[PDB]
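Okay, structure first, notes after.
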Amino acid sequence: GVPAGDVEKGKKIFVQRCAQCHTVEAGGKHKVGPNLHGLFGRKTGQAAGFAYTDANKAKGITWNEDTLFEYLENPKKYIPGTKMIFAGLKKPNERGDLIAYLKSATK
Ligand code: HEC
């Protein structure tokens with residue numbers, strides 16, 4: 001149960017808040033964070049070639065709309081010890097728009 005998202009608004013959030021550390025396209029490079037291609041339906045810790053924390057790997061969830069919605073509000077609360085430094089997107093609408101963009105761009 002996430003709010004319906006606007007892909008265009010979500011693309012702007014992604015570029016301004018996430019692209020510093022993440023790519024989305026197939027074959028895109030790892031940066032500080034993992035490439036996100038195939039994210040939806042991917043369990044944590046699965047991007048080929050990225051060195052994840054044990055904390056991320058142990059969370060034992062599948063990335064999809066609902067889990068991203070909670071994670072992105074406050075990453076460290078959801079995965080204590082994660083190496084991702086990002087305070088969170090507090091507004092539910094910003095998370096919804098971003099998630100819709102990610103769903104389209106990581107296919
Ligand atoms: C660099 C300062 C980051 C910013 C800004 C964002 N992310 Fe990130 N992310 C980063 C790291 C180093 C990692 C790995 C964490 C670990 O503990 O190993 C991550 C991880 C994610 C994940 C999980 C991916 C997976 O399990 O394969 C997601 C879904 C994620 N990051 C999303 C994401 C988004 C959408 C961001 C903007 C709101 C964002 N992150 C910013 C580093 C950084």
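Identifiers for the structure tokens are assigned positionally: chains receive A, B, ... in sequence, residues are indexed from 1 per chain, and ligands are indexed from 1 in the order shown.
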Using only C-alpha atoms, find each residue in region 46-76 of chain A having at least one atom no more than 12 Å away from region 20-41 of chain A; report its shortest atom-to-atom pair and that distance in Å (one decimal), rows by chain then rising number, as a Markdown table.
| residue | atom | partner | partner_atom | distance |
| --- | --- | --- | --- | --- |
| A:46 | CA | A:39 | CA | 9.0 |
| A:47 | CA | A:34 | CA | 6.4 |
| A:48 | CA | A:34 | CA | 8.7 |
| A:49 | CA | A:30 | CA | 8.2 |
| A:50 | CA | A:34 | CA | 5.9 |
| A:51 | CA | A:34 | CA | 8.4 |
| A:52 | CA | A:34 | CA | 8.4 |
| A:53 | CA | A:33 | CA | 11.1 |
| A:56 | CA | A:34 | CA | 11.7 |
| A:61 | CA | A:41 | CA | 9.5 |
| A:62 | CA | A:41 | CA | 5.8 |
| A:63 | CA | A:40 | CA | 5.4 |
| A:64 | CA | A:40 | CA | 4.9 |
| A:65 | CA | A:40 | CA | 7.8 |
| A:66 | CA | A:40 | CA | 10.6 |
| A:67 | CA | A:40 | CA | 10.1 |
| A:68 | CA | A:40 | CA | 9.4 |
_With only C-alpha atoms as the counted atoms, please give the residues lying no more than 8 Å from residue 7 (chain A), apart from itself and same-chain residues fewer than 2 positions off, as a PyMOL selection string._
chain A and resi 5+9-11+97-98+100-101+104
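Among the candidates A:19, A:84, A:102, A:79, the residue lying nearest to ligand 1 is A:84 (atoms considered: only C-alpha atoms and all ligand atoms).
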Show which residues sit within 10 Å of residue 86 (chain A), as a PyMOL selection string. Count only C-alpha atoms, and ignore same-chain residues fewer than 3 positions away.
-> chain A and resi 17-18+72-76+83+89
Nearest to residue 1 (chain A), restricted to only C-alpha atoms and choosing among A:105, A:55, A:77, A:99, comes out as A:99
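A straight line drawn from atom 39 (C, counted along the ligand's line) of ligand 1 to CA of residue 85 (chain A) is 8.1 Å long.
Picture a line from CA of residue 93 (chain A) to atom 32 (C, counted along the ligand's line) of ligand 1; it runs 16.3 Å.
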As JSON, numbers by chain, please: every residue in chain A that DSSP puts in helix (DSSP H, G or I). {"A": [7, 8, 9, 10, 11, 12, 13, 14, 15, 16, 17, 54, 55, 56, 57, 58, 65, 66, 67, 68, 69, 70, 71, 72, 73, 75, 76, 77, 78, 92, 93, 94, 95, 96, 97, 98, 99, 100, 101, 102, 103, 104, 105]}
Shortest contact to ligand 1, candidates A:82, A:42, A:13, A:59, atoms counted only C-alpha atoms and all ligand atoms, goes to A:82
Using only C-alpha atoms and all ligand atoms, the best pick from A:45, A:78, A:58, A:8 as closest to ligand 1 would be A:45
Atom-to-atom span, CA of residue 91 (chain A) and atom 22 (C, counted along the ligand's line) of ligand 1, Å: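 The value is 18.5 Å.
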